[PDB]
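Below: one structure, written as C-alpha cells.
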Amino acid sequence: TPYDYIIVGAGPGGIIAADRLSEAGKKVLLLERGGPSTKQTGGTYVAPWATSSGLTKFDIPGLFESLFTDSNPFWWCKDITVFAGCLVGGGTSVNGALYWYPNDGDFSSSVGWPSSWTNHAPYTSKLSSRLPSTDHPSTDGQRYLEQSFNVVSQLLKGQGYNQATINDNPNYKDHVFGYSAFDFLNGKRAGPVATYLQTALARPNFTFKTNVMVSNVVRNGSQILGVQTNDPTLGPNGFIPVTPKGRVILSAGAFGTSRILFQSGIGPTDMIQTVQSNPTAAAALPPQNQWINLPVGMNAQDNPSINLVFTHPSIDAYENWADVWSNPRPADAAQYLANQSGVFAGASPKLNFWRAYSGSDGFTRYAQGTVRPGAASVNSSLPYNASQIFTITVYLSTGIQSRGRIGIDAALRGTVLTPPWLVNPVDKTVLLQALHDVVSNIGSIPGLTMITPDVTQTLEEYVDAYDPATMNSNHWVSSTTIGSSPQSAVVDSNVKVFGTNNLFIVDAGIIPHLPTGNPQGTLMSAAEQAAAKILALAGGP
Ligand SMILES: Cc1cc2c(nc3c(=O)[nH]c(=O)nc-3n2C[C@H](O)[C@H](O)[C@H](O)COP(=O)(O)OP(=O)(O)OC[C@H]2O[C@@H](n3cnc4c(N)ncnc43)[C@H](O)[C@@H]2O)c(O)c1C
Ligand SMILES: O=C1N[C@H](CO)[C@@H](O[C@@H]2O[C@H](CO)[C@@H](O)[C@H](O)[C@H]2O)[C@H](O)[C@H]1O
Ligand SMILES: *[C@@H]1O[C@H](CO)[C@@H](O)[C@H](O)[C@H]1NC(C)=O
Ligand SMILES: *[C@@H]1O[C@H](CO)[C@@H](O)[C@H](O)[C@H]1NC(C)=O
Ligand SMILES: *[C@@H]1O[C@H](CO)[C@@H](O)[C@H](O)[C@H]1NC(C)=O
C-alpha cells in the first residue's frame, strides 16, 4: 500500500504535518515507534487514585514530576542516552508543557531562518486556534500552589521587573515575569495529541500505526522510494513505499531523525561509517558512492541551565512531588477527580521570567527563569526544612553562541558526542551575570535563603563544579538545521533534505537557534509553516 506522505514520528512536528497534509486531501501514513500515551490514545497507565477517570500519568498535569521518579519509566526512548519521549505525542506527552507563542526574533533571518520564514504570524496564529495558551489551566479559573510565584515575584519586582500575561505580548520579554503558561485544555494535557491528531484520525485518507520503528529510508540515489520498518505486515519485509510523486517526512526528534539519516547514508562520513560497523545496518546502506555528506547532528544546541534552590517559610514544597502517584493529598485528588480543577490541573512550574543581556561579542542573549516548588537535587551543608524548598532554574536562550554535536555510538544509540553547554566563553560569562542578578536582592526578602549553592559556595564555584550533563534542558534544536546550502545546513527553505528529491524534515532539528522561551510553541508554529511550504512545493503528490 503506497502513500503520498509517510511521516515518521508522532511528536509535535509529525502530528501537525500529518494533520495539515491529510487535511489537504493527501494520502498520509503516520508512523510511531512507541505505544499509547493519554487515555484517548488507548493509554491505561492510571494512578490508583485517578482510576475512575481513566486519566493517565500523561493526562494529568500535576503528575508531571512523577515522570522522573517512577520505578519503571517505559515512556523514555530506550536507545537514546538523554530524555526523549517514545510514545504517541513524543515529548509533548511527557513534557512540562510550558507554552510560549514565538516572538518575531525567534523567526528572524538573523538567527538563521530563510527570509521566506520570517513572517511567522499567520502560522503562529493558526497554532493558537488549535492550542490556546492558558496561565490558569484549572477548570475553575483559579490558580493553585502559588507560594513560589508570590515569593519570586517580590524578588523580581525589587529588580525592576513587571508582571504580564506572557503570551498576550510575545515580543516583550525583557524584565517581564508571569504565571506559567501551558497548552492544556479542560484541566488536562492537550497538545497536538488532543487536537491535530484527532482531526487527522477522523479522515479516511489518514492512517496511524503505532509500535512501528523506522530504521532507514530506502532510496535510489536522490529518490526516496519509501521507508524500512520492523513491521512485516505493513509491506514486504517491512518496506512501505511512497506513490510516484510521494514524499517522506522525518519527524523523529533530534536523535531519532539524525539516526534514521545516518542509517540511510545521509550525514557526516564518521557517522555513516559507524552505521557500517554494524553488519546488519551496513547491508541496508546505500553504496558509499551515493552517501550524501550533510552536517547531520552538527550545530546541536540546547540551553545551558543551572538550578538554584531556596527555602522560605511561606513555601509549600508539596512533599517534593514524591507522593502524587501513590498517595496524594486527598482533597487535591478529590477535586481533580470531580471536575479537573485544583493542583493537579497544572504542572509544577508556577512563575517564568526573562531578561536581556548585552554581549561583548555583539549578541544580545536572553536569560530565562522557571520557578517551581520542590527540588530534584539539594546540596546543603546546613540543615533546611524540606517542606520549604523551591527551585529557580536559570537558562540562557536567545543569542547564545555555543554549539555541540549529537550522533550515534557503535551500539547505534543516540548520544551527545560533544556537550553543547558553555562551549562559548561569553555564554558562560553572561550566565554568571544572570545568576548574580537573580540573587542580588535575596537579602531584601525576609526568610529567603539560598540553600544550593549554600553560603559556603560561590556561584562561580557552583557553576564550575556542576555536572555538564545535568545542564541538559531537553530543548535540542538545529541538528538538521534549515539553511541555504549543504555546506552549513541539512534542509532548505522547503525543509527538503539537500541532495534528495522528496525527503523532508519536520521536527526540532530544523530550528536554527533556540527561541527565547521553552521551544515547543516555536516548534509547533514552525510545523504549521513547514506543512504549508511542503504543499506549495511543485512536483509533489
Ligand atoms: C523531554 C522533555 C522535553 C521538554 C520538556 N519540557 C518542555 C516544556 O515545558 N515546554 C517546551 O516548550 N518544551 C519542552 N520540552 C521540549 C519539547 O517537548 C521538544 O522540543 C519537542 O517535543 C520536540 O519535538 P520533535 O517533534 O522534534 O520530537 P519528539 O521527540 O517530541 O517526537 C518524536 C517522536 O518520533 C518518535 N520516533 C522517534 N524515532 C522513531 C523511529 N525511528 N521510528 C518511528 N518513530 C520514531 C517518537 O517515539 C516520538 O514520538 C520536558 O519536560 C522533557 C522531559
Ligand atoms: O522545558 C522544560 N520544562 C520542564 C518544566 O520546567 C523542565 O522540567 C524539569 O525537568 C528536569 C529534567 O530535565 C527535572 O529533573 C525537574 O524536576 C523538572 O522540573 C524540563 O527540564 C524542561 O525541558
Ligand atoms: C535507480 O533509478 C534510476 C532512475 O529511475 C533507474 O534508471 C535505475 O534503474 C534505478 N536503479 C536501480 C538499482 O533500480
Ligand atoms: C517546616 O516548614 C513548614 C512550613 O513552613 C512548617 O509548617 C513546619 O513546621 C516546618 N517544620 C519545622 C521543623 O519547623
Ligand atoms: C556541595 O556543597 C559543598 C558545600 O556545602 C561544596 O563544597 C561542594 O563543592 C558542593 N558540590 C558541588 C558538586 O557543587
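We number each residue from 1, following the sequence as shown. What you see below is based on every heavy atom in this structure, not just the backbone, and it leaves out hydrogens, waters and symmetry mates. Counting convention: from 1, in listed order, for ligands and their atoms alike.
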- Query: At a non-hydrogen distance cut-off of under 4.0 Å, which region of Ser473 contacts ligand 2 (side chain, backbone, both, or neither)?
  - Reply: backbone
- Query: How far is atom 16 (C) of ligand 2 from its nearest protein heavy atom, and which residue and atom is that?
  - Reply: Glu65 OE1, 3.6 Å
- Note on the structure: Heavy-atom contacts under 4.0 Å to ligand 1, chain-then-number order, include exactly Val8, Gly9, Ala10, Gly11, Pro12, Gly13, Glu32, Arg33, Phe64, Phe68, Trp76, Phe83, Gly85, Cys86, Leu87, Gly90, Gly91, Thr92, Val94, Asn95, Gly96, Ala97, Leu98, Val212, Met213, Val214, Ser251, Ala252, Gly253, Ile260, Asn474, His475, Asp507, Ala508, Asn518, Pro519, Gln520, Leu523
- Side chain to side chain, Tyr462 and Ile306, heavy atoms closer than 4.5 Å: yes
- Item | Geometric N/O contact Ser348 with ligand 2, under 3.5 angstrom | no
- Specify whether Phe149 and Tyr179 have parallel, tilted or perpendicular ring planes, treating 30° as the upper limit for parallel and 60° as the lower limit for perpendicular. parallel
- Query: With ring centroids as reference points, do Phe74 and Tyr45 lie under 6.0 angstrom apart?
  - Reply: yes
- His475 N/O under 3.5 Å from ligand 2 N/O: yes
For a distance cut-off of 3.5 Å, show me each N or O of ligand 4 paired with any protein N or O, plus the separation.
from     : atom 1 : to     : atom 2 : distance (Å)
ligand 4 : 2 (O)  : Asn385 : OD1    : 3.3
ligand 4 : 2 (O)  : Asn385 : ND2    : 2.4
ligand 4 : 2 (O)  : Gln388 : OE1    : 3.0
ligand 4 : 5 (O)  : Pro313 : O      : 3.0
ligand 4 : 5 (O)  : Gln388 : OE1    : 2.8
ligand 4 : 11 (N) : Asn385 : ND2    : 2.8

- Of all the non-hydrogen atoms in the protein, which one sits nearest to atom 13 (O) of ligand 2, and at what distance? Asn474 ND2, 2.9 Å
- Query: If we only count N/O pairs under 3.5 Å, is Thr370 in contact with ligand 2?
  - Reply: no
- Starting from atom 3 (N) of ligand 2, find the nearest protein heavy-atom neighbour and note its residue, name and distance. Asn518 ND2, 3.7 Å
- Note on the structure: The single option from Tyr99, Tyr395, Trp100 that satisfies side-chain hydrogen bond (donor to acceptor under 3.5 Å, both in side chains) with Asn518 is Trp100
- Task: Determine whether any heavy atom of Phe64 lies closer than 4.0 Å to an atom of ligand 2.
- Result: yes
- Message: Regarding atom 10 (O) of ligand 2: of the candidates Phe83, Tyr99, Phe68, which has the closest heavy atom?
- Response: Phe68
